[PDB]
């Protein structure tokens, strides 16, 4: 394999971390290939669930707990800390909150969260590499509680970063927030990508095309599919009671991605840096509720 940038995987991975039997498990947790029966039974479906009142309460709880866990990871972002160490803290924090770490064994993903440094667009596997001053790093958290998944991510700075890293991370966050601001009943899902790309393009940045936002509730990933680029062909119209993510991945150079031989790690083909932010949203009558918001601070971690 020819690597696209400086980053390399740092093996071996510590042995898989068990989840105590008392924590409720998603269907794929024990599947040998980590396949989700409940997901696959709906593969190829455009129909979007309308959440019930109990569904909404279940989503509010898990998305609040997921935010608490992301905040734990944020606290550890410093030079010299390995991504595996982050993952260990995240694993324990999910368990402490009576939650299963959703990524763990999801289609055989080996860890409890995704840590995506510099040119990694997404799905970086936590490993022995110590974080380096100047790095940017996304940690993507999903928890599973009482049958429901809650999903968020943020990009962080490791120590002091250069001007381009600041510009990329700020713009990616702006893209997400501008898209969130457009969410309300009657809006087509395909529209968010127009908003996101317009802002990214205006700042000299490209938009990843291979990975999308997603419906989430009793399923980790389900309808709607939500592209982040312009003139996409997404199917569906927002309605009150829809729950989905917007999770734009934005790049310094081109939009093209490829995957490492591990089958997971998605990287820029040019080896330039990529950043991502994510919230789980509930469409309401006035617009939408940001289920994964911070409750005690106005801003994401990279600002404060």
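Residue numbers count along the first chain shown, from 1.
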| item | value |
| --- | --- |
| 263-271 set against 234-242, stretch whose average Cα temperature factor tops the other in the entry | 234-242 |
| Residue range whose averaged C-alpha B-factor is higher in the record, 150-158 or 127-135 | 127-135 |
| Peak C-alpha temperature factor (PDB record), options 102, 225, 108, 116 | 225 |
| CA B-factor placement of residue 277, once the chain's modelled residues are sorted into thirds | lowest |
| Chain-relative CA temperature factor third for residue 167 | middle |
| Residue 75 by Cα B-factor - lowest, middle or highest third of the modelled chain | highest |
| Residue 215 CA temperature factor, ranked by third within the chain | lowest |
| Assigned third (lowest, middle, highest) for the C-alpha B factor of residue 206 | middle |
